[PDB]
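Number of protein chains: 2
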Amino acid sequence: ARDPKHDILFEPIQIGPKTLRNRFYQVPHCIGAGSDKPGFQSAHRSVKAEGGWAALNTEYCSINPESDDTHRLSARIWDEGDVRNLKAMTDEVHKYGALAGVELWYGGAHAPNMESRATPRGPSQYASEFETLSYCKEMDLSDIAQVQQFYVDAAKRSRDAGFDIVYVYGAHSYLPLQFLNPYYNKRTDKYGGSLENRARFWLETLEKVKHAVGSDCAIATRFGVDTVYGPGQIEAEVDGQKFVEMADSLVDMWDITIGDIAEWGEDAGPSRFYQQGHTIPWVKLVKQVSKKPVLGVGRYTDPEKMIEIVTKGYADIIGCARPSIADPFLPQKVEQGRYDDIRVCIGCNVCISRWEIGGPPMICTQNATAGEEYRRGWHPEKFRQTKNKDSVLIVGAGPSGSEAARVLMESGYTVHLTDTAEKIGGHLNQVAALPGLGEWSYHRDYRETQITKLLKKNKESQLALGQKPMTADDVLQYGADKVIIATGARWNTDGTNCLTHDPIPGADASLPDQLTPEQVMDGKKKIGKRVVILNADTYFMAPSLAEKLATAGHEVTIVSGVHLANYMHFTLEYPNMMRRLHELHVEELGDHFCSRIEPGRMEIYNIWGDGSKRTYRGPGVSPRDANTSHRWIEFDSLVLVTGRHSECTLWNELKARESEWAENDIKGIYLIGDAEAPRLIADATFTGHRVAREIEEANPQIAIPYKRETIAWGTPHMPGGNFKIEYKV
Amino acid sequence: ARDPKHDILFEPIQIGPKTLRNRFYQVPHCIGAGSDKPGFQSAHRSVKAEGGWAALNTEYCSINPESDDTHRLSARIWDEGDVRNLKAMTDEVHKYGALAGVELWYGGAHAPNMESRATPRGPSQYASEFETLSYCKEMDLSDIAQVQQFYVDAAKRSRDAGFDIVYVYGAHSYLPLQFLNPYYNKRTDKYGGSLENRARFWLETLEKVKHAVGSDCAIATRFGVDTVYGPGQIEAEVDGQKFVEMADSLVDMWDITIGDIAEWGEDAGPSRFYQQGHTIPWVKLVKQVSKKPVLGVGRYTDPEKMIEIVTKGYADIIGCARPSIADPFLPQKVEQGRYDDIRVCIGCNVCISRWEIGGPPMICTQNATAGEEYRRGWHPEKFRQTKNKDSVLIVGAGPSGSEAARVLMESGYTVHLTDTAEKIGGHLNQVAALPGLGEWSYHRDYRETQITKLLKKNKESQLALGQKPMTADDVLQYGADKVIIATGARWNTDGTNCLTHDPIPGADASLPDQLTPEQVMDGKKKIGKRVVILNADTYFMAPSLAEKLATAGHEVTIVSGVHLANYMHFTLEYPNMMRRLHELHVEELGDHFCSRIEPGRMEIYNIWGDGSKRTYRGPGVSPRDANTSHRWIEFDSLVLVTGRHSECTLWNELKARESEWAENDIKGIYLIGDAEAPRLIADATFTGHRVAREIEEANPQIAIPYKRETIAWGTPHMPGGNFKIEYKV
Ligand SMILES: Cc1cc2nc3c(=O)[nH]c(=O)nc-3n(C[C@H](O)[C@H](O)[C@H](O)COP(=O)(O)O)c2cc1C
Ligand SMILES: Cc1cc2nc3c(=O)[nH]c(=O)nc-3n(C[C@H](O)[C@H](O)[C@H](O)COP(=O)(O)O)c2cc1C
Ligand SMILES: Nc1ncnc2c1ncn2[C@@H]1O[C@H](COP(=O)(O)OP(=O)(O)O)[C@@H](O)[C@H]1O
Ligand SMILES: Nc1ncnc2c1ncn2[C@@H]1O[C@H](COP(=O)(O)OP(=O)(O)O)[C@@H](O)[C@H]1O
Ligand code: SF4
Ligand code: SF4
């Protein structure tokens with residue numbers, strides 16, 4: 001039963017001519033579908049509609065070809081073909097009684113236009129601080145009228161597509177905000193200077209959009225109320241609140257964010273730096289002066305926090321993006337009082353990293369069905385029930401093993417999950433202990449909670465933790481119909497890395513002065529004062545250990561052969577991470593790797609040290625002059641973060657003795673997660689989810705085909721268009 | 001008439017059961033089309049078929065979902081949908097009497113599989129040196145059987161699609177090469193160790209493919225004969241030649257390359273480092289031991305060079321990739337003796353940069369129609385003729401103005417091209433003078449040659465160089481019906497940059513100790529010993545100037561607020577560029593920018609110097625602790641490379657006096673190229689080509705829409721498939 005305190009979250013709220021059934025609102029957010037993958041777009045949004053969310057929005061939607069984000073993927077409302085594709089989403093969302101919204105976007109120079117090759121226009125000419133080679137043309141008065149017209153035309157197509165909510169997008173430093181912000185706007189005419197002038201472009205656009213579709217659609221505006229850069233850009237109590245007062249009568253609802261685009265991690269707060277509700281100080285400032293419904297994201301996943309902001313008058317609606325990805329059924333579970341079934345977002349930003357990389361579909365660390373709803377037919381809360389009585393033994397309870405266990409149990413199988421470790425979680429139990437990664441434990445907390453309750457539904461299922469390591473013989477005679485090996489991976493101990501694919505002479509983590517990430521995290525092995533971290537990995541391990549060690553008083557130097565924290569650019573953690581390492585005085589030696597290690601010292605070299613000229617000098621000799629940049633640096637302790645290797649000995653033994661499987665009535669043994677190949681936690685979780693869903697297929701080791709959303713030759717995107725080659729001659 | 005010496009280039013050559021009509025062969029190369037953009041794929045290849053190329057190949061073609069290059073785009077031959085889409089290309093190519101080929105690809109860990117989420121397999125487990133977070137599973141004997149079967153199935157699907165040539169792709173360190181190369185292969189079974197064991201995987205695969213389609217298709221293999229890393233990887237005179245001897249009986253033709261994947265710029269040699277025929281020393285070693293037709297790329301654009309390699313026995317066929325993109329009609333022009341009509345590739349690698357970025361379609365600096373054949377209907381050699389007598393005045397003869405002039409003249413308009421400069425080329429004349437960029441001149445040599453020739457066909461047209469700068473009055477009273485302003489851009493002189501969008505206090509290129517790129521290239525202003533280059537641009541200017549000054553004896557330090565030469569990662573010039581700067585002792589100070597400048601000194605700061613923690617402290621106050629990393633550095637001369645701005649003064653005046661156009665019989669004035677917004681030379685060229693093609697449209701300032709190749713909701717990619725959402729429950 002739902003706690004009566006949460007009843008307020010289920011009261012309807014009027015937004016202009018529309019009514020939200022409850023206070024759960026999915027703000028606009030990327031998923032890697034746009035108007036190019038209609039199935040993905042409709043399935044992902046409609047499951048949330050089924051899940052109870054009051055309104056579902058598309059991601060930023062380009063109003064015209066001159067605002068093309070390629071290589072990144074945005075939605076598009078350019079023509080009739082887009083209207084058709086996007087309607088599939090509004091139709092499916094309406095089916096479950098929810099509203100559908102679109103976020104009208106024009107990016108200025110922030111849009112690289114790599115597909116269209118068109119020229120972006122802006123208030124003044126500038127080179128984007130995000131897309132450094134992208135420049136825009138300064139707009140004259142007719143340019144302004146024309147772009148405003150693009151918005152009107154787009155709003156009209158949106159109504160045709162079935163959208164109930166139309167946004168004039170002014171967050172993440174996009175067009176309307178560029179005119180408002182002096183950082184971009186250097187004009188001296190009526191569209192620049194004073195706030196009245198700087199606000200003019202936005203005010204006129206809102207008015208024109210309202211005039212065109214305001215009777216049929218709710219007009220909302222997304223606004224970056226503070227750029228969080230201090231004086232120089234937008235400040236909430238200066239221009240921020242004043243603009244709200246000015247535009248209040250034209251808008252039906254305010255959707256608030258903070259930050260710009262280069263650092264939008266200030267908005268999409270990674271759990272590494274920000275807790276739930278991190279945006280409250282800025283968001284509440286809007287309610288204070290607005291007379292319209294206000295909402296502002298803040299990684300809300302806890303109903304207690306949700307009621308707090310609402311009853312305290314900080315917001316009227318609960319806007320979420322990531323929380324809705326991790327759990328499309330969040331509203332329903334709160335309504336039904338099923339608090340323990342809520343799959344809480346861990347704020348890892350891996351979903352976002354996909355958008356930033358440009359082009360690939362979204363994936364989620366918690367929800368392995370995100371992005372898979374349409375192409376694989378995986379509903380996050382509905383599982384195909386087994387008709388047989390097969391039992392499954394799962395060796396390893398990490399992200400992959402525990403997810404496979406959870407899905408199989410949900411499907412009705414009898415499962416036996418075992419691990420030598422005392423708790424479910426595998427390597428993730430160590431990872432969440434790294435500085436700032438505490439919330440990543442929700443991944444294992446959820447699986448622990450779920451597996452425990454699922455055990456009550458089938459007494460033949462068993463959970464055996466803190467056990468002795470399973471052996472080949474133990475597995476063969478266990479008596480399970482099928483076996484899933486999810487034994488994980490370990491960090492290399494001999495220097496093996498992606499640059500050479502070979503060990504490094506002198507690297508041995510069993511030595512007193514060398515450690516692996518595991519040895520550092522266990523905290524038993526002593527670590528000297530001067531620490532050198534040798535890195536060949538582009539994600540979080542090296543910087544996280546550097547932070548941990550520096551805060552403990554060690555002198556840290558990171559020698560990196562690959563771009564340090566590269567992947568963190570995509571998760572939006574990079575800027576604050578660099579600032580953190582800087583305040584801790586961590587020295588970084590990029591573009592360098594190690595050729596040999598000795599006790600207390602190592603020889604490093606610049607990776608660009610070979611001669612620039614290539615000459616054919618015959619066999620046995622390099623075609624470039626020798627690298628002579630080698631130099632030795634000393635250390636008290638050397639931490640090796642060179643790469644990982646699959647722990648697949650058990651698997652290898654079982655495979656060698658495959659002929660014995662039949663004799664023991666073993667129908668199949670499958671290898672998943674890091675034990676198959678070291679992966680991102682999200683993908684490790686996915687492999688477990690997949691073998692569980694496809695356990696009855698011919699070969700669960702390899703995935704069955706998924707529906708592909710690619711154009712079919714002979715079918716034009718434009719209704720009634722000619723698909724054939726036509727040269728203009 | 002064609003020079004008799006070039007007759008040999010038109011002799012047919014037998015490759016297995018197929019015959020090449022001449023020696024012009026387009027090797028496989030990316031274009032950003034794959035199987036996702038069938039129109040782009042068929043049009044781009046067929047124009048070359050019409051241009052006389054004997055055979056046209058697709059780019060690398062994935063044989064199975066576990067070799068998915070997303071975010072990069074490759075062709076795919078996974079199912080019937082792909083066969084349908086790819087057949088569009090083979091049909092169109094056959095229409096012009098040419099053969100079509102497909103390059104079967106399996107990438108190992110080099111394929112990040114971001115769309116499929118599948119696990120790649122390889123000879124041993126390793127983390128790709130290219131995709132550092134991508135690991136593969138070590139293959140057992142059944143894995144090997146299964147992957148070889150993938151190739152067979154792909155080959156069979158290829159034959160169904162109408163391909164005449166089927167490749168087993170073993171270049172760029174892909175699968176077959178991974179088994180042959182000790183760098184990847186650490187196996188101890190019959191597939192590792194000795195050369196015969198290392199070659200086993202490739203040999204078996206070739207044999208199975210030949211057996212499956214060898215009677216209907218020619219079997220070719222692409223091979224990286226030398227990884228150009230010296231001992232440790234493949235060496236031409238060691239394993240290289242021997243593998244050729246072993247496989248010779250199985251292949252119908254050898255397609256040779258050099259280098260790996262991380263640095264394939266060694267293969268696709270940038271003119272900055274390599275001249276035409278740079279691969280010869282390696283390629284010739286193959287013909288030395290082979291009995292089958294050999295071909296090896298080398299940026300061949302000159303017929304004199306083409307006949308040299310053939311008559312000297314270095315190769316039997318002329319394989320080209322880039323030269324075919326710059327000029328789809330290269331073969332026909334040679335055949336007809338029209339040597340001066342050949343549009344020579346400048347080896348800028350901008351086409352390639354688009355593939356590396358991942359997702360965007362290809363563009364060409366020389367050929368503005370590349371990628372536009374299908375979507376815009378632009379044929380590179382056919383222009384729609386005008387039916388009126390309009391004359392067009394073009395102010396500025398740089399990349400944009402000269403291309404607009406060329407296309408207008410080809411279309412039959414009377415054109416008046418003028419510039420204050422002595423010759424055609426604009427800023428490109430200074431750029432080609434930078435160290436190693438000499439071949440970029442071909443862009444202006446081509447336009448100079450064509451314009452000169454086109455003037456002869458219309459005596460009303462005129463070329464006026466070395467003139468006084470055109471003023472608004474001059475333009476208004478000139479007498480032309482339409483005017484095109486192509487006045488270019490200039491580098492900023494006040495420190496204005498993408499980071500702040502404002503000038504830097506103390507920045508003034510008129511002072512004796514500060515210079516702009518133009519001042520450095522003119523070589524008149526004196527430059528002191530210690531030079532500091534302040535950079536905020538991510539392409540070639542800062543590195544090139546640094547090289548130029550260092551070779552001249554100056555002590556150079558580059559202070560960069562953006563990732564130095566980032567765009568060069570995409571053009572494949574980065575590795576050799578960094579080695580060059582290192583040899584020249586150029587110091588780099590990344591992650592730093594400039595707050596203020598004084599005579600002989602500048603104050604710099606670390607861009608990550610602000611506090612990592614964000615706290616709301618009200619208006620007027622920054623939410624982060626202040627950056628205190630500021631320090632002063634000295635210099636004798638400071639070179640400013642902070643950004644560019646459009647030179648649009650003339651345009652602005654004309655627009656202000658728009659009311660005067662009608663009375664002077666001026667129908668319209670258009671702004672193109674860098675004057676509209678600083679662009680890459682390729683896009684500047686594109687703007688000129690576009691206004692020219694659309695001069696008769698309602699508004700030539702804005703492009704008319706192009707055909708979009710996006711799926712239409714309601715049409716499944718799989719023929720006979722269901723497009724509706726279907727959950728597996
Ligand atoms: C995968 C992803 C992509 C995003 N892209 C958009 C976008 O298209 N448009 C937009 O206005 N905001 C975008 N957002 C930002 C979200 O709207 C939101 O402001 C952010 O995720 C914080 O909300 P949350 O803390 O509830 O996730 C994106 C967020 C996510 C998760
Ligand atoms: C735009 C582009 C993409 C490429 N992609 C491929 C590819 O898919 N498969 C392949 O084997 N080679 C690829 N290449 C490499 C070319 O096949 C060729 O080896 C290289 O460009 C050198 O030939 P050229 O000097 O005549 O251009 C690519 C080259 C270009 C120009
Ligand atoms: N022989 C074994 N018997 C039981 N548990 C094992 C055995 N070998 C490894 N494990 C357990 O398997 C788990 C693997 O988890 P983890 O490394 O997180 O992998 P993944 O990320 O693939 O889920 C670890 O908790 C480890 O204790
Ligand atoms: N007022 C003018 N009259 C004539 N030519 C001009 C005038 N202003 C600039 N130019 C010329 O216009 C040309 C612009 O070329 P460029 O900078 O290469 O631009 P783009 O790359 O756009 O073609 C330069 O050669 C410059 O001399
Ligand atoms: S990928 Fe991570 S941050 Fe994104 S919704 Fe999932 S758990 Fe949340
Ligand atoms: S973009 Fe450059 S390197 Fe590529 S085909 Fe064109 S001129 Fe050649």
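Chains as they are written, first to last, in the entry's author numbering: chain A, 1 to 729; chain B, 1 to 729.
Ideal placement from N, C-alpha and C gives every residue a C-beta, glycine not left out.
Secondary structure of A:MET470, DSSP reduced to three states = coil
Buried or exposed: where does B:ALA1 fall if 16 or more other Cβ atoms within 10 Å of its Cβ makes it buried?
-> exposed
If you measure from the beta carbon of B:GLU308 to each beta carbon in chain A, is any gap under 8 Å?
-> no
Measure the alpha-carbon distance for A:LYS156 versus A:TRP254 and round it to whole angstroms.
-> 21 Å
Are the beta-carbon atoms of B:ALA111 and B:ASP68 separated by less than 8 Å?
-> yes
Comparing the C-beta of B:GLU676 with each C-beta of chain A, is any distance below 8 Å?
-> yes
Measure the Cβ-Cβ separation of B:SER124 and B:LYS190 and say whether it is below 8 Å.
-> no
Contact with chain A by B:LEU99, beta-carbon distance below 8 Å = no
Do we get a CB-CB distance below 8 Å when we pair B:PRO176 with the residues of chain A?
-> no
Give the secondary structure of A:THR493 by DSSP, where H, G and I count as helix, E and B as strand, and everything else as coil.
-> coil
Going by alpha carbons, who is nearest to B:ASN113 out of B:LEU99, B:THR132, B:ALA100 and B:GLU103?
-> B:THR132
Where the segment 491 to 517 of chain B meets chain A: residues whose CB sits under 7 Å from a CB there = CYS498, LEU499 and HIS501
Once you ignore the five residues that flank B:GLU11 on each side, which residues in its own chain have a CB closer than 8 Å to its CB?
-> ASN22 and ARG23
Taking the alpha-carbon positions, what's the A:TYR567 to A:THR538 distance?
-> 6 Å
Does the beta carbon of A:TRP254 fall short of 7 Å from some heavy atom of ligand 1?
-> no
Per DSSP, B:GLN26 is paired with what?
-> B:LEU56 and B:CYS320
Indicate whether the contact test is met: 3 or more Cβ pairs, each with one atom in the segment 418 to 428 of chain A and one in the segment 461 to 468 of chain A, closer than 8 Å.
-> yes
Straight-line Cα distance separating A:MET578 from B:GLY611 | 10 Å
Skipping 5 residues on each side, what residues in its chain have a beta carbon closer than 7 Å to that of B:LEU499?
-> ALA536, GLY561 and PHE593
May I ask you to verify whether the segment 317 to 329 of chain A touches the segment 290 to 297 of chain A, counting CB pairs closer than 8 Å and requiring at least 3?
-> yes
Cβ of A:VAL350 versus every heavy atom of ligand 5: is any distance shorter than 7 Å?
-> yes
If you measure from the beta carbon of B:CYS136 to each beta carbon in chain A, is any gap under 8 Å?
-> yes
For chain A, find out if any of its Cβ atoms is closer than 8 Å to the Cβ of B:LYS667; answer yes or no.
-> no
So, does the CB of B:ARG84 fall closer than 8 Å to a CB anywhere in chain A?
-> yes
Which of helix, strand or coil does DSSP assign to B:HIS71?
-> coil
Does ligand 8 have a heavy atom nearer than 7 Å to the CB of B:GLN288?
-> Inclusion of ligand 8 in the displayed structure is not the case, the ligand content consisting of ligand 1, ligand 2, ligand 3, ligand 4, ligand 5 and ligand 6 alone.
Say the cut is 7 Å; is the CB of B:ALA154 nearer than that to a heavy atom of ligand 2?
-> no
Chain B within 8 Å of A:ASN535, Cβ atoms only = no
Please state whether DSSP places B:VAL297 in a helix, a strand or coil.
-> coil
If we ignore side chains and look at the alpha-carbon of each, how far apart do A:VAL483 and B:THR119 end up?
-> 19 Å
Would you be able to state if there are at least three C-beta pairs under 8 Å between the segment 482 to 496 of chain B and the segment 379 to 395 of chain B?
-> yes
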